[PDB]
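What follows draws every value from the coordinates through simple rules; no lab data is involved. Every residue, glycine as well, gets a Cβ built from its backbone with ideal geometry; the counts of neighbours run over all protein chains shown.
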Amino acid sequence: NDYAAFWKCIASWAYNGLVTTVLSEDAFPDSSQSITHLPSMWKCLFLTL
Amino acid sequence: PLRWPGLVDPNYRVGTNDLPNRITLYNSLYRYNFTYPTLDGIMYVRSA
Amino acid sequence: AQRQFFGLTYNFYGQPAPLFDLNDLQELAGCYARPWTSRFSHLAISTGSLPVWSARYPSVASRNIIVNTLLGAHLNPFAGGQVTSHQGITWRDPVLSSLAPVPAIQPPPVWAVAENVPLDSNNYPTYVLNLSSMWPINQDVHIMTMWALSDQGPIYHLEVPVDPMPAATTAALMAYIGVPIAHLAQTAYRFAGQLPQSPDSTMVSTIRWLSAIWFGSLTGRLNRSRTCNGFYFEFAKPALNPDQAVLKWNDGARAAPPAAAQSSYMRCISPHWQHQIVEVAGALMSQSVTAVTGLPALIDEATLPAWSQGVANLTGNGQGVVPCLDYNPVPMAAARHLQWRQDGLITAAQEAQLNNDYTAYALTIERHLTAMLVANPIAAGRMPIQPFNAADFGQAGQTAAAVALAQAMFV
């Protein structure tokens, strides 16, 4: 969608204390999951970046 | 007047009664507005 | 958990036998039920809803006082290692689950009456071997001791660490905002009462903070202007009924932690406590913490009745001794109001009015109690209210030191 999230994150900086942009809960890997589960492992990489 | 101490007696203090011996009819009480959250409303629970 | 406790039975005020009749036992601990967590079953939000104004048990503290006297006649196993009978009634089992009349075939030995009996858990090995089920005894015995040690008000302990509050306690307190003191005291009593717990438990720290906050607000150091991590207590208007307090959370400036850890023992020096729910609840709540964690140190004998002088495992005069402070509510209220004016919460005109109202309110309590005593002379064989003298209402006690402690406690 024209990478709306990226611009929203930048815009939120000027309005912190009124709106806080947060990482989606579903973006996180399952807690019970293990590091060996490759799809979960990738998520942390994106989550970190 | 004995049954209405909290309405006519000047010396009536809040929080008194004659319960074991007499039943008054005009006293002071409390009222509440409790709410009843469900389990999910209490804790962070979502799907896996 | 905590596998040991020490205790002390009540004192007879010159009378030759413990002060309670059969009906007292039959009502307060009958029905073959467990008596070990009943202390709050006959308390409520305020005096207005309670029968404390007449007939038997004509005071807020009356029932619990009688309970303490009642236990003094049956705690022999922790004194002599054996179960006994008194006036035909004894425990049903070695677990001390409940009371019943003695059996006709093999009665236990009759208890020899005595007063101010020291108590050790080690005297009765089966208790530890069944700690998981006999745990409630620990709390009540502790409570009984903490009251028996003092004339006038019961004794309780205060302390504040140098650290900030942990997050868990913060979340818990944020759920108890609009709750009156009485309900809070119940939960504290309920928590420590029914199953063993380690002192390193979240609730233990939680209640410890509550007792601290309660006292700090009682002295008036903690207000809407100045608060402990955002929390403080609010007291009702003296013009109507000052015997009520609720928890609050606020934007006010937060007090800094003390330079070093503070702690002391407390008691009310004046008879007003016997008919004032905030005193009873506050004491019980604080006593609950010590019940699960034990006494941090021996109590100073310097300002205690004669029978409390040098009680083993409880009182001392040596180096490792914590002083005990005391106060009278009326001077305390004046100090609290004065602090409010200095904080700018009220004007001088209001402060004068508040003192007049509170003094008038206190006068009624004294007038009620003193009339109630002559209605129930202790020679009658049961003590619904602790004896006192008229001059006892006028004692200032160590009130000046008390507010000084809160001054240092919440800098």
Q: Answer yes or no as to whether B:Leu25 is aliphatic (A, V, I, L, M), more than 9 Å from chain C (Cβ to nearest Cβ) and touching a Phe, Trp or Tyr at 6+ places or on another chain (Cβ under 7 Å).
A: yes
**Q.** Filter result (part of a strand (DSSP E or B) and not hydroxyl-bearing (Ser, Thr, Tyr)) within the range C:81-99
**A.** C:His86, C:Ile89, C:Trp91, C:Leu99
**Q.** In the range B:1-22, the residues that are within 13 Å of chain C (Cβ to nearest Cβ) and not in a loop (DSSP other than H, G, I, E, B)
**A.** B:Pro5, B:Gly6
(Q) Criterion first (within 12 Å of another protein chain (Cβ to nearest Cβ) and either exposed (fewer than 10 other Cβ atoms within 10 Å of the Cβ) or assigned to a loop (DSSP other than H, G, I, E, B) (or both)) does B:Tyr36 satisfy it? (A) no
Q: Determine which single condition C:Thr47 fails, assuming it passes every other condition in (1) touching a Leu at 6+ places or on another chain (Cβ under 8 Å); (2) within 14 Å of another protein chain (Cβ to nearest Cβ); (3) over 30 Å from C:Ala302 (Cα atoms).
A: (1)
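Are there helices (runs of 4 or more DSSP H) fully within the range C:155-231 with at least 2 residues that are surrounded by 22 or more Cβ atoms within 10 Å (Cβ to Cβ)? List them.
Numbers: elements: C:167-173, C:181-193, C:202-218.
The qualifying helices (runs of 4 or more DSSP H) are C:181-193, C:202-218.
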Q. What tally of residues in the range C:50-60 results from selecting those that are more than 21 Å from the chain's Cα centre (by Cα) and among the hydroxyl-bearing types (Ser, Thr, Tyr)?
A. 1
Q) Is it the case that C:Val67 is among the aliphatic types (A, V, I, L, M), away from chain B (no Cβ under 14 Å) and over 27 Å from C:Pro271 (Cα atoms)? A) no
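Yes or no, residue by residue, for (1) within 25 Å of C:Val280 (Cα to Cα); (2) small (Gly, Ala, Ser); (3) under 21 Å from the mean Cα position of the chain (by Cα):
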{"position": "C:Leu22", "(1), (2), (3)": "no, no, no"}
{"position": "C:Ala33", "(1), (2), (3)": "yes, yes, no"}
{"position": "C:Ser62", "(1), (2), (3)": "yes, yes, yes"}
{"position": "C:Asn76", "(1), (2), (3)": "no, no, no"}
(Q) Quick check on the range C:33-63: of everything there that is touching a residue at least 12 places away in the same chain (Cβ under 8 Å) and in contact with a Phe, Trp or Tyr (Cβ under 8 Å, 6 or more places away or on another chain), which residue is farthest from C:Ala371 (Cα to Cα)? (A) C:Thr37
